[PDB]
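Asks: Partial complex follows, first chain(s) only, in situ:
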Amino acid sequence: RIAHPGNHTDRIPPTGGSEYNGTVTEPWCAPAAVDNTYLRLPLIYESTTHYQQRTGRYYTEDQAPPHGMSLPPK
């Protein structure tokens, strides 16, 4: 029902955890490089093990502290 809402009256309300920029606490900001405007930068640039280290102690990924795009996480 989320994938194909169609014309149904009983639509599923959004969860509020997914955002295009990847952060639920910070608004969109213009990137330093012009060609990176359309990319989802906070999601592309993160290793898998770092992701499971940061997100491991939370039942849900939006409760985790923001990535921060820093070599040691903020």
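Replies: Great, that's in hand. Residues are numbered from 1 along each chain as shown, chains lettered A, B, ... in the order given.
Asks: where does residue A:42 land in three-state SS?
Replies: helix (DSSP: H, G, I helix; E, B strand; the rest coil).
Asks: Give the buried residues for the top helix by length along chain A.
Replies: The single longest helix within chain A, with elements called by DSSP state H, is helix A:48-55. Residues of helix A:48-55 classed as buried: residue A:54 (neighbour count, 16 or more other Cβ atoms under 10 Å). C-beta: built from backbone N, CA, C; applies to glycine.
Asks: again with stretch A:63-74
Replies: residue A:67.
Asks: Would you work out how far apart the start and end of it are?
Replies: One end of stretch A:63-74 to the other measures 14 Å (Cα to Cα, to the nearest Å).
Asks: Residues contacting it, please?
Replies: With contacts defined as Cβ atoms under 8 Å, 6 or more residues apart in numbering, stretch A:63-74 is touched by A:22-23, A:25-26, A:41-42, A:45-46, A:50, A:54-55, A:58.
Asks: Give me the buried entries from these.
Replies: A:22, A:41-42, A:54.
Asks: then add chain B to what we have above:
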Amino acid sequence: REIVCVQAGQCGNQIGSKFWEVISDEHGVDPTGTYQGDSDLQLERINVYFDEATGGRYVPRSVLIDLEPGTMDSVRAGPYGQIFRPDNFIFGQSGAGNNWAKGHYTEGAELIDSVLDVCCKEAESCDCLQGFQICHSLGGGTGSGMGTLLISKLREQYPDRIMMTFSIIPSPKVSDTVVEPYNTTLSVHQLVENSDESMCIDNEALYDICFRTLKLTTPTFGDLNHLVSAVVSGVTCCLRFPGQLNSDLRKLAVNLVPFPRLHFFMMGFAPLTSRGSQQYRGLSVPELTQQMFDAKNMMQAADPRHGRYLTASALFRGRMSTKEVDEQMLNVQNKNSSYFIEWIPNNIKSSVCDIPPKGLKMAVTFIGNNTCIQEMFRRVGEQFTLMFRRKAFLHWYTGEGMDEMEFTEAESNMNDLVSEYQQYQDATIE
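Replies: Just below you will find chain B, in place on the chains above:
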């Protein structure tokens, strides 16, 4: 773990300009040379290809060699040309004339000392040196002659490192140069003795990729050099970004080469599809594997159905499951079992890297060691014998000083390489 790049001849310098544009973009270096990236993951491995100059700047560890500066004069005035170190441009005063003997013996020996001095100056600065990387065509004159001369000198000076070459090879249908068989045969003789691993690409396959797969209305050499830069930057991706299953040039060589002479490989890159079709098919690991073995995405004229795979390697970039990769590689080996050499229990190695190329969710590059490459060497040997029996253009090479005995040695070595491939193709368990 630093790589040193060498670009030789017109083809090498032109492919190099696009390669360094792609690499500068991936590490977020502005065309002025200033770091402007947006994640520390870009900065933490910049040393692999760049040296650091003062106040933010990065300079690329590459040596450019050519006998006439015309291509180098164009790239310098090009949009990214400023990044290159001025002292790294080496040039002579007369052309190679598309002649291997001239490029190897007369202007080669004249300029080679300055190239070796620059390569040694660059090598001794690294804390740990990985292999050298050279891009050149085998059919040309300065590319073939000076590339193989420099390869021989570096193999004498650094025998414990890796030696890697990317090479352009003559199309089976139309020649770009009349004397291609001599230059190709002598260059393959030099590589088969000196090289550790060599990748071959046909320009006819890149033209067919552009016209048939991407449906480009007005393709240009910038597109062909972008396809080459894409595969070249993909093979090294696990060296310079994190991942779930790291890989390295030496591990690729150890898994791909069964016997030391069998080090010539086929190349392919999977996610190629026209902008009209792209809305009809989502990216997924089954889709990448199907495209990866799809002949539309393969960069050689020879077809696997006439040979057998000894070994293959697939490098995946992106956030993806290892289970789907393993079962896809098993399913392809099980369904097409006749095309895989049976006395090796598993021919495919897989590797997974977290960071995809910009603008793509996922990508894979494929390297294949297949016996159908024997047909190319056989065709080149036939054309060489036709020209040599009649002394078709031999006076140029003999006038430079070459002994005719060199030609018979190179022909004999290529014929033995073809025989060795044919013998391993028809081996059996008994």
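Asks: please look at the buried residues of helix A:48-55 again, because chain B has been put in.
Replies: A:51, A:54 (16 or more other Cβ atoms under 10 Å in any protein chain shown).
Asks: Residues contacting it, please?
Replies: By Cβ atoms under 8 Å, 6 or more residues apart in numbering or on different chains, the surrounding residues in contact with helix A:48-55 are A:61, A:64-65, A:67, A:73, B:242-244, B:319, B:354.
Asks: For residue B:163, grab the count of nearby residues.
Replies: 21 (other Cβ atoms under 10 Å in any protein chain shown).
Asks: partner residues bridging it?
Replies: According to DSSP bridges, the residues that bridge with residue B:163 are residue B:132.
Asks: Stretch A:67-74: end-to-end distance?
Replies: In stretch A:67-74, first residue to last residue: 7 Å (Cα to Cα).
Asks: meant to ask about stretch B:365-383
Replies: Stretch B:365-383 stretches 32 Å from its first residue to its last (Cα to Cα).
Asks: Let me see the contact set for the residue nearest the centre of chain A.
Replies: Centre of chain A computed as the mean C-alpha position; nearest residue by Cα atoms, centre = their mean is residue A:22, 2.2 Å away. Taking Cβ under 8 Å, 6+ apart, we find residue A:22 in contact with A:40-43, A:67.
Asks: sequence below should go in as chain C:
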Amino acid sequence: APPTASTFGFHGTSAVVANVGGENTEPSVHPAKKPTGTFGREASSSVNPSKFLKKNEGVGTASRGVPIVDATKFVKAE
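Replies: With chain C now in place:
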């Protein structure tokens, strides 16, 4: 005997700390000291068309199948 647990004299190799055990060995498998380095050799004089490269006369390296490490005074693990 060479000094033990040193941080000098093995630049360019794969070693991090050289000779912790204090035995009679080289700091690393790759040559720490070589005939020529950044000075280079003469290559113009050494290339002639009358002494060309012969069949099966390429340089012998570890990838070809020649144990280069046995020719140096580096102790292998028994």
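Asks: and the buried residues of stretch A:63-74, now that chain C is part of it?
Replies: A:67, A:69.
Asks: One more: stretch B:404-418?
Replies: Neighbour-count burial for stretch B:404-418 flags B:406-407, B:409-411, B:413-414, B:417-418 (criterion: 16+ other Cβ under 10 Å).
Asks: Other residues contacting stretch B:46-57?
Replies: Counting by Cβ under 8 Å, 6+ apart, B:1-3, B:5, B:23, B:27, B:29, B:33-35, B:58-61, B:125, B:236, B:239-240 sit against stretch B:46-57.
Asks: Among these, which are located in strands?
Replies: Within the contacts of stretch B:46-57, residues falling in strands by DSSP state E are B:2-3, B:5, B:58-60.
Asks: hang on, the earlier thing: of the buried residues of stretch B:404-418, just say which sits nearest to chain A.
Replies: Nearest to chain A out of the buried residues of stretch B:404-418 is residue B:417 (Cβ to the nearest Cβ; 42.2 Å).
Asks: Centre of the chain to the helix or strand containing that closest one, how far?
Replies: Residue B:417 is located in helix B:404-425, with elements delineated by DSSP states H and E. Counting by Cα atoms, centre = their mean, to the nearest Å, helix B:404-425 is centred 23 Å from the centre of its parent chain.
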